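Please read the structure below before turning to the comments.
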Amino acid sequence: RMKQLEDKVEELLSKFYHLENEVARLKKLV
Amino acid sequence: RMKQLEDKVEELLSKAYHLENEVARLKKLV
Amino acid sequence: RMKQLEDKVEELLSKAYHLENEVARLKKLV
Ligand code: NA
Ligand code: NA
Ligand code: NA
Ligand code: NA
């Protein structure tokens, strides 16, 4: 259970880093 | 405690997809 | 361990809410 949850958390941290970058790009352009 | 963490991770992941789509929709309007 | 996972989930929840705010704002500016 623990290793699967951690791999999911890592996946979340990645998706959120990338979303933050997209948003920061949008904020510059909008 | 453990159950609840796995459920929050599940609802987080089932939210990053909506946010991803919302951001992709915004990328087209700027 | 569960402690670290809870700490990361609280960080991910905060970033989620912040990105949701960022997206609401961007929607008003396009
Ligand atoms: Na991305
Ligand atoms: Na859910
Ligand atoms: Na995008
Ligand atoms: Na802002």
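Numbering starts fresh at 1 for the residues of each chain in the structure tokens, the chains themselves are lettered A, B, ... in the order given, and ligands are numbered from 1 as they appear.
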Superposition output for chain C against chain B, all Cα paired in order, as an mmCIF file with N, CA, C and O atoms, in the first residue's frame:
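Below you can see out.cif, which holds the result:
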data_model
loop_
_atom_site.group_PDB
_atom_site.id
_atom_site.type_symbol
_atom_site.label_atom_id
_atom_site.label_comp_id
_atom_site.auth_asym_id
_atom_site.auth_seq_id
_atom_site.Cartn_x
_atom_site.Cartn_y
_atom_site.Cartn_z
ATOM 1 N N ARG C 1 -5.341 7.203 8.613
ATOM 2 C CA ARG C 1 -4.859 5.881 8.219
ATOM 3 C C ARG C 1 -4.623 5.849 6.717
ATOM 4 O O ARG C 1 -4.887 6.834 6.028
ATOM 5 N N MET C 2 -4.156 4.706 6.195
ATOM 6 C CA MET C 2 -3.853 4.645 4.762
ATOM 7 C C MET C 2 -5.120 4.770 3.927
ATOM 8 O O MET C 2 -5.104 5.399 2.860
ATOM 9 N N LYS C 3 -6.235 4.221 4.423
ATOM 10 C CA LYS C 3 -7.511 4.301 3.712
ATOM 11 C C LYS C 3 -7.903 5.743 3.426
ATOM 12 O O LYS C 3 -8.260 6.089 2.296
ATOM 13 N N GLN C 4 -7.874 6.597 4.449
ATOM 14 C CA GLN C 4 -8.227 7.996 4.238
ATOM 15 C C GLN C 4 -7.252 8.656 3.277
ATOM 16 O O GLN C 4 -7.660 9.406 2.382
ATOM 17 N N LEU C 5 -5.957 8.350 3.414
ATOM 18 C CA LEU C 5 -4.953 8.925 2.520
ATOM 19 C C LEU C 5 -5.213 8.539 1.066
ATOM 20 O O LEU C 5 -5.085 9.367 0.154
ATOM 21 N N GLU C 6 -5.532 7.266 0.828
ATOM 22 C CA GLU C 6 -5.862 6.834 -0.523
ATOM 23 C C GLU C 6 -7.092 7.562 -1.039
ATOM 24 O O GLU C 6 -7.145 7.949 -2.209
ATOM 25 N N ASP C 7 -8.081 7.783 -0.170
ATOM 26 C CA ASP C 7 -9.279 8.496 -0.599
ATOM 27 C C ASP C 7 -8.947 9.933 -0.964
ATOM 28 O O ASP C 7 -9.445 10.466 -1.965
ATOM 29 N N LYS C 8 -8.080 10.571 -0.180
ATOM 30 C CA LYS C 8 -7.668 11.931 -0.512
ATOM 31 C C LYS C 8 -6.789 11.947 -1.756
ATOM 32 O O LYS C 8 -6.877 12.871 -2.570
ATOM 33 N N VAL C 9 -5.920 10.950 -1.930
ATOM 34 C CA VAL C 9 -5.065 10.990 -3.115
ATOM 35 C C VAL C 9 -5.914 10.838 -4.381
ATOM 36 O O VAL C 9 -5.683 11.522 -5.390
ATOM 37 N N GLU C 10 -6.934 9.972 -4.343
ATOM 38 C CA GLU C 10 -7.811 9.839 -5.502
ATOM 39 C C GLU C 10 -8.559 11.142 -5.770
ATOM 40 O O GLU C 10 -8.787 11.512 -6.926
ATOM 41 N N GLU C 11 -8.937 11.862 -4.715
ATOM 42 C CA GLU C 11 -9.556 13.171 -4.909
ATOM 43 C C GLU C 11 -8.562 14.173 -5.496
ATOM 44 O O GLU C 11 -8.928 14.979 -6.349
ATOM 45 N N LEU C 12 -7.308 14.162 -5.025
ATOM 46 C CA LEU C 12 -6.299 15.093 -5.537
ATOM 47 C C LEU C 12 -5.915 14.772 -6.973
ATOM 48 O O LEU C 12 -5.654 15.679 -7.775
ATOM 49 N N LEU C 13 -5.824 13.488 -7.306
ATOM 50 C CA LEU C 13 -5.549 13.112 -8.688
ATOM 51 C C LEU C 13 -6.646 13.610 -9.608
ATOM 52 O O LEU C 13 -6.378 14.106 -10.708
ATOM 53 N N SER C 14 -7.895 13.463 -9.176
ATOM 54 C CA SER C 14 -9.006 13.915 -9.991
ATOM 55 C C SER C 14 -8.947 15.423 -10.182
ATOM 56 O O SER C 14 -9.103 15.911 -11.304
ATOM 57 N N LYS C 15 -8.673 16.172 -9.107
ATOM 58 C CA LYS C 15 -8.582 17.618 -9.260
ATOM 59 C C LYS C 15 -7.392 18.011 -10.135
ATOM 60 O O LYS C 15 -7.518 18.923 -10.962
ATOM 61 N N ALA C 16 -6.249 17.344 -9.983
ATOM 62 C CA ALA C 16 -5.113 17.584 -10.870
ATOM 63 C C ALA C 16 -5.525 17.461 -12.328
ATOM 64 O O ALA C 16 -5.339 18.387 -13.129
ATOM 65 N N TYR C 17 -6.059 16.292 -12.694
ATOM 66 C CA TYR C 17 -6.496 16.057 -14.065
ATOM 67 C C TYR C 17 -7.510 17.099 -14.521
ATOM 68 O O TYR C 17 -7.569 17.439 -15.701
ATOM 69 N N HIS C 18 -8.387 17.535 -13.618
ATOM 70 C CA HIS C 18 -9.379 18.523 -14.011
ATOM 71 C C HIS C 18 -8.715 19.871 -14.251
ATOM 72 O O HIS C 18 -9.038 20.569 -15.216
ATOM 73 N N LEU C 19 -7.769 20.246 -13.396
ATOM 74 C CA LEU C 19 -7.060 21.504 -13.602
ATOM 75 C C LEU C 19 -6.193 21.453 -14.846
ATOM 76 O O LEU C 19 -6.033 22.468 -15.534
ATOM 77 N N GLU C 20 -5.611 20.290 -15.148
ATOM 78 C CA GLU C 20 -4.841 20.151 -16.380
ATOM 79 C C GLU C 20 -5.719 20.386 -17.601
ATOM 80 O O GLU C 20 -5.319 21.072 -18.546
ATOM 81 N N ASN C 21 -6.913 19.795 -17.599
ATOM 82 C CA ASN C 21 -7.904 20.085 -18.625
ATOM 83 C C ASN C 21 -8.239 21.567 -18.677
ATOM 84 O O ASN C 21 -8.214 22.171 -19.749
ATOM 85 N N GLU C 22 -8.544 22.177 -17.525
ATOM 86 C CA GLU C 22 -8.854 23.616 -17.490
ATOM 87 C C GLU C 22 -7.734 24.466 -18.097
ATOM 88 O O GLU C 22 -7.989 25.480 -18.769
ATOM 89 N N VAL C 23 -6.486 24.089 -17.850
ATOM 90 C CA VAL C 23 -5.346 24.870 -18.331
ATOM 91 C C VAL C 23 -5.162 24.685 -19.838
ATOM 92 O O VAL C 23 -4.851 25.640 -20.569
ATOM 93 N N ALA C 24 -5.307 23.445 -20.323
ATOM 94 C CA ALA C 24 -5.294 23.210 -21.766
ATOM 95 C C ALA C 24 -6.330 24.074 -22.468
ATOM 96 O O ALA C 24 -6.048 24.689 -23.506
ATOM 97 N N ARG C 25 -7.541 24.129 -21.925
ATOM 98 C CA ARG C 25 -8.563 24.962 -22.541
ATOM 99 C C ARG C 25 -8.164 26.422 -22.532
ATOM 100 O O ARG C 25 -8.273 27.112 -23.550
ATOM 101 N N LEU C 26 -7.737 26.925 -21.375
ATOM 102 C CA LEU C 26 -7.398 28.343 -21.283
ATOM 103 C C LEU C 26 -6.300 28.704 -22.265
ATOM 104 O O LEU C 26 -6.294 29.808 -22.831
ATOM 105 N N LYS C 27 -5.351 27.790 -22.470
ATOM 106 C CA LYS C 27 -4.244 28.071 -23.378
ATOM 107 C C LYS C 27 -4.744 28.362 -24.785
ATOM 108 O O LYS C 27 -4.160 29.190 -25.491
ATOM 109 N N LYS C 28 -5.839 27.714 -25.196
ATOM 110 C CA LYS C 28 -6.402 27.913 -26.529
ATOM 111 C C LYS C 28 -7.193 29.210 -26.652
ATOM 112 O O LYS C 28 -7.503 29.637 -27.771
ATOM 113 N N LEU C 29 -7.538 29.836 -25.534
ATOM 114 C CA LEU C 29 -8.394 31.011 -25.535
ATOM 115 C C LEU C 29 -7.633 32.306 -25.306
ATOM 116 O O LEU C 29 -8.218 33.384 -25.457
ATOM 117 N N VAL C 30 -6.363 32.236 -24.929
ATOM 118 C CA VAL C 30 -5.580 33.453 -24.782
ATOM 119 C C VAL C 30 -4.976 33.828 -26.133
ATOM 120 O O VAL C 30 -4.189 34.778 -26.239
#
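For chain A, the residues no farther than 9 Å from chain C when using only C-alpha atoms are residues 2, 5, 6, 9, 12, 13, 16, 19, 20, 23, 26, 27 and 30 of chain A.
The coordinates place atom 1 (Na, counted along the ligand's line) of ligand 4 at 16.8 Å from CA of residue 17 in chain A.
Note that CA of residue 11 in chain A and CA of residue 28 in chain A are 26.2 Å apart.
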